[PDB]
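Student: model the structure of this input:
(chains A, B, C, D, E, F, G, H, I and J)
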Amino acid sequence: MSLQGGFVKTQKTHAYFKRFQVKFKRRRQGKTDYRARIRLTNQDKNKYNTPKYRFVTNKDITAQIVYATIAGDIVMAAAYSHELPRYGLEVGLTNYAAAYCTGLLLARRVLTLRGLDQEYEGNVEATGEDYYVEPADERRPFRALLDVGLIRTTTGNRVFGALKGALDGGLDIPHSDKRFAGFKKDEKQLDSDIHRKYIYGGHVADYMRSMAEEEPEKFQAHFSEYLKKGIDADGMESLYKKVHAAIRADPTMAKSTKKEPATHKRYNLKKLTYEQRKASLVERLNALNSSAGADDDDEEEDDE
Amino acid sequence: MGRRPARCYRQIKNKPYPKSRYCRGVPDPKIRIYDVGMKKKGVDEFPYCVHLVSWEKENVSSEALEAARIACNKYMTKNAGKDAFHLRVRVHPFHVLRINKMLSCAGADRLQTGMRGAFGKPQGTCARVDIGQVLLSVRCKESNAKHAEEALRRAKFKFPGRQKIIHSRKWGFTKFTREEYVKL
Amino acid sequence: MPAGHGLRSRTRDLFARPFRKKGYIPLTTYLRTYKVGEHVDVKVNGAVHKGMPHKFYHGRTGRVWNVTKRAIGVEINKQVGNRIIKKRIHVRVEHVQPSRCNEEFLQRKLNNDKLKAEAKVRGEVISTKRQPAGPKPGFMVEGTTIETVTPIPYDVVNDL
Amino acid sequence: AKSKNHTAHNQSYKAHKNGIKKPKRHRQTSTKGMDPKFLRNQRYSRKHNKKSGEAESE
Amino acid sequence: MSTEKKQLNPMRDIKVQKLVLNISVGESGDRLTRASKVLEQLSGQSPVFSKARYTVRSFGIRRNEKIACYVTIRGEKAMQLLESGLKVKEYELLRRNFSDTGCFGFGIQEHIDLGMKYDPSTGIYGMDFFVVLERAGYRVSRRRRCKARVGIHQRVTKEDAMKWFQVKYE
RNA sequence: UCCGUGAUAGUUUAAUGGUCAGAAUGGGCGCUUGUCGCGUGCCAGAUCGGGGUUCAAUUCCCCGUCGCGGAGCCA
RNA sequence: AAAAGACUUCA
RNA sequence: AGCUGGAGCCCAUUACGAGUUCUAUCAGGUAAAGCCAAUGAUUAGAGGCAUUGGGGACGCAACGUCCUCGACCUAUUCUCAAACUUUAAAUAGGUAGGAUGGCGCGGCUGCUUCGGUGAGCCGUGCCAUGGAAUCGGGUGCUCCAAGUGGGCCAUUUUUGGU
RNA sequence: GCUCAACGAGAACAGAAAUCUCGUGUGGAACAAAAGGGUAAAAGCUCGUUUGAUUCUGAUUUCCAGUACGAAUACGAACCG
RNA sequence: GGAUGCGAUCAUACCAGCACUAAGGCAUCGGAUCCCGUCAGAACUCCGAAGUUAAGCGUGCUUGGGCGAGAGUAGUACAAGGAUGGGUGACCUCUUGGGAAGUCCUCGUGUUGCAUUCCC
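Tutor: Numbers count the residues shown, from 1 in each chain, chains lettered A, B, ... in the order given. Have a look at this structure:
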């Protein structure tokens, strides 16, 4: 009939195909760039993975501090903005204030004095502070590197807002302030570097008030109450939950997820062979049929 | 024609040259049409095949290929009419002959000083015919098989690498007449 | 004729990757790290073009001489000549894979140590060598239900 | 007159008589031409190590 | 079997991905690039240069160089422009202008709409209008990050595109 | 034969630095002219075939066909 | 003044 | 430079060494195979398919129809490659099979670790025939010098050339 | 940041090649040059910022006498991007 | 089992055409004040209220294709050593060894680490 693409692959088959094993599975899903990844992994510095666009977005954002090993990664802490309303929060979970508090929470969690390995002098668990320039634990920022993932480095992002909460949480990310979502993006003060506008916790405050539909739960001031809240030292929650039920999930999943063939394949073949002899039209795909005689094999004998 | 003994390229001795892009200047291949006769049937109307199968691995010239082919075809028209059976020439002449060319006439030939060396100008081409290759495949019908056998016989004196006439069978002619009609 | 020596020559497949293994290397190789004196294979990534050793050195297993930034120093030995000496090559960690040539043997050394401890408990008598192939023992079957058929070679046909 | 240009013949025969040897195994093989760090720390540590070694043999 | 059987469009309904209005003659054959002015007024927004590649027939011997210009527009503005062109064309006619992609284009003079010939430096006899149309579910292939091939369902067809358009302003 | 060297309008041969080719004469067309001619205005290319490099080759390479010259011992 | 030459047979 | 001798120098069945095999583990693109796997060559049909390669016939016309010849496309088919190969031998080739080793104890650093965390190297303790096979009418090591610096041949492999 | 060689289907003019669009597209392109490898959210192609095409003096790899020299590799010590 | 983030092994994971997905999550999706961005808020960047499982995503299917695995695939082809073996040689037998690939036929069609979450 014509057709190209499909036809041009099947004729030359193998030549494309293997094209998906040029690169591998992670890239196929759209998860890992290997050009980005390779640069991080040599000295094995933790990935402060903070997605916020086309990953998890518009419901939640998340910050995980992740260490690598050769059998696959292993998070040293994680925290979700979905677990932020456990400590109180009811203003938008997609905003800078939410991202900042997730970063504060994560930094407190990652040690929690656990195991052997500490550092709580200096000051890890960095105070309730009005920022200016990166507060660390002296001279040396280590073991956390802002992993944006595949998302762009753009000033005024949630990723940089999370980074602020890491620093004011006692995590010590390497830094430069020329793409950071500055000081007042938490809501605070600013007025410096290349960056412009002081407000972004208090973005929304102007927006909504010029009337139009947006989130419930009140008003302009409401950010500050929960901005304060994630600074507090009552770490160590995230919910007890009811576990499993029986055999994996549900009857919906039982119908959905596994196989059939083996036994079932033979039945469909049997039906097909009967159909071929009962009518004679097409053996399936793209031609043949004139009694048939089972499977792909028939075409070779039906030549002469 | 002008002398060349077939012995010169007879030995399969040199590297095989079928790379047109490096081997520049290759002259005309010589068989006009490889398949002579029918070409609307294969084995359907021809439930007999006879082959001429190589006894000796040697490189048979394009010139010799033509000679064998034309003799066989001429017998077909002379003893079974114009649109008789079907001859197929089934090996094609990949291997470019270089070979020493252009001698002079001082008290040396071989121009430089007595090399001569590579950089041989191309003389022609051969098909490399290894042992058991089917040089000529002539399909026939079984009653008239003796005519095809005779045609191959006249042909066989006309190449350097000896071949033996054989009654060839593919999927028999008795496995074809089963397998066909069970899937038809 | 005085020396020249085209630096490569017959490196077509040696610098090539087969069709299935084209594209960028998994970062697992990079993340893999070695300590000094560990034995490791040399076998290049074709997608890193600087830090590459000379292709003859592939298929050699060397002892890590030292570890430095990006590339690792691996000491391997050249072949052919007189008094052929060990040579130290700067070679990428992308171009270094673990050899299993030592790994399996080291496990069998630990296995011997088990046997040594066991042996003393009994009242010594160690013997923790591996043993060469022994003679065959006897073998059975039953002649009941296995009376002879006759089988033959079969006649020549030319099939061509 | 032409002459031979190269041959690898006869080289092998000579090589298996007195040649090839092996590396010459020692404890503490040459770290000569090794990266400056490591070696720097070996120098510093050794000064202290001799003093302490006498203490730990009493 | 098109997954049509649902309840149709919230997702399925057509939209303008963009409307690309482009001038094609080629430099020296029409002008320097003073026809940027007429494009600027018509759309209301900036045109940008379009470069050339491959064999050309006309001066433009370097290839890469300004030769044409184009405006990618969209939203309400694109729909307004559409109405004027539809008002021309005969309606319930030609399959030809529709692509299998579900996109269509038409030709007609620049001057249609209220505007002076005099105020733009050129009047220009017309130029290809192309309309890029697709469904809502298109955005998966369009965005970079989580790019995925277009489904059978996700494709508009020539018949479908014409059918959606038939309802509105023709 | 080896080492060189060309070919471009009907003919004879200029030119380029990579984007682009000329002149003269012949011829074809008027005008001069009793009538032709001299004279006077008008006109007209496979840049050898051939691939390659290159954005783009008449132009810069490589091969080949033809036509030429000039060398090829102790003969 | 130097640009001026040709021009069939019966006749 | 190597081969060769001398003068020795150090130990001696301790020791390690080996034109060797095994074992176990690497590397390889030759023979060959392949071509309906990529690239390149190459034969033959057959069957499709055109909004624009060319003809004819049927038509006022058609977003018409039928034959025809080409392209292409598809499943076949045929035969090849030093400078093609997914694939792919054999004989060759490398490495390992331990006391020049492992393990315990506890020291130092300017390194490395946000952290004695780790790495390396030191003192001290524990474990023998015991780390496949086989052999070593011994081996290891250093200095110094002669001759050679035109090679030639056969089996096998192989390039040019009848 | 972007994805190409190519082809199909479309789009005033525009044909076999103009420019524009989408799909398919393992690299069939492009990376100065010879040829051969290699390479795809790049080393290509486009944009932005740039000047390490820098200072010192070794080791190392090739050719190999396990030499010089050139060129290459990866470090150090500097200073920069 | 699903999902999400990070993956490991690296085509049983891939291609083509279909089909199905509870829960909860991803996505698609609505908006353009703000940082940021273009020819175009389509991309990118930000806000996340209102939707939709159609696609993506996952999994399953179809004598499929490819890949993987096996074979009387084949003990074939080829090849080291030996012959005062056969043969004019080309080569070919045997002894002592090693041993493929495709055609072709048969069987298969992702597995699993970390963290958090979801079935009911």
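Student: what segments of the chain are helices?
Tutor: With no chain named, the answer covers chain A. With DSSP state H, the ranges of helices along chain A come out as A:6-11, A:25-29, A:34-41, A:96-111, A:158-167, A:204-209, A:223-229, A:251-256, A:263-278, A:298-301.
Student: looking at chain E here, not the other one
Tutor: E:36-43, E:75-88, E:139-142, E:158-167.
Student: what's the helix or strand for residue C:115?
Tutor: Residue C:115 belongs to helix C:103-122 when assigned by DSSP states H and E.
Student: got the residues of chain C near RNA strand H?
Tutor: C:10, C:12-14, C:16, C:18-20, C:35-37, C:39, C:41, C:43, C:58-61, C:77, C:79, C:82, C:99-102, C:104-105, C:109, C:112-113, C:116, C:124, C:126-132 (CB under 7 Å from any atom of the strand). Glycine gets a C-beta too; all of them are placed from N, C-alpha and C.
Student: list the contacts of the residue most central in space within chain B.
Tutor: Residue closest to the mean C-alpha point of chain B, counted by CA atoms, centre = their mean, is residue B:65 at 4.1 Å. Contact partners of residue B:65, counting by CB atoms under 8 Å, 6 or more residues apart in numbering or on different chains, are B:30-31, B:89, B:93, B:127, B:135, B:159.
Student: switch to 6 Å and redo it
Tutor: Each residue near residue B:65 by CB atoms under 6 Å, 6 or more residues apart in numbering or on different chains is listed here: residue B:31.
Student: how about it, phi and psi?
Tutor: phi -60, psi -40 (degrees, to the nearest 10).
Student: next: the one 5 residues further on.
Tutor: Per-residue torsions, residue B:70: phi -70, psi -40 (degrees, to the nearest 10).
Student: can you tell me how far it sits from RNA strand H?
Tutor: Distance from residue B:70 to RNA strand H, counting by CB to the nearest atom of the strand, to the nearest Å: 16 Å.
Student: quick one: the helices in chain B?
Tutor: So, for chain B - with DSSP H - the helices run B:7-10, B:62-80, B:145-155, B:176-183.
Student: which one, of those, ends up nearest to residue B:118?
Tutor: helix B:7-10 (15.6 Å; CB to CB).
Student: hmm, that closest one touching RNA strand J?
Tutor: No. Helix B:7-10 lies out of reach of RNA strand J by CB under 7 Å from any atom of the strand, never closer than 8.2 Å.
Student: how about residue A:36: what's its closest non-neighbour residue?
Tutor: Spatial nearest neighbour of residue A:36, excluding adjacent residues (CB to CB, 6 or more residues apart in numbering or on different chains): residue A:150 at 7.5 Å.
Student: show me what contacts residue A:60?
Tutor: A:81-82, A:93.
Student: sorry, back to before: between the helices of chain E, which one is closest to RNA strand I.
Tutor: The closest of these to RNA strand I is helix E:139-142. By CB to the nearest atom of the strand, the value is 5.0 Å.
Student: other SSEs contacting that closest one?
Tutor: Helices and strands touching helix E:139-142, as assessed by 3 or more CB pairs under 6 Å, 6 or more residues apart in numbering or on different chains; DSSP states H and E, are absent.
Student: dump that helix to CSV, keeping only the CA atoms.
Tutor: Taking Å, rounded to 0.1, in the frame of the first residue of the first chain, the C-alpha atoms of helix E:139-142 are listed here in CSV:
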residue,chain,number,x,y,z
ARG,E,139,2.1,18.4,24.4
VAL,E,140,3.9,15.1,25.4
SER,E,141,5.8,15.0,22.1
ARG,E,142,6.2,18.8,22.0
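Student: does RNA strand J have contacts with it?
Tutor: Yes. Using CB under 7 Å from any atom of the strand, we find that helix E:139-142 touches RNA strand J at E:139-140, E:142.
Student: any idea how many residues pack against residue A:232?
Tutor: 12 (other CB atoms under 10 Å in any protein chain shown).
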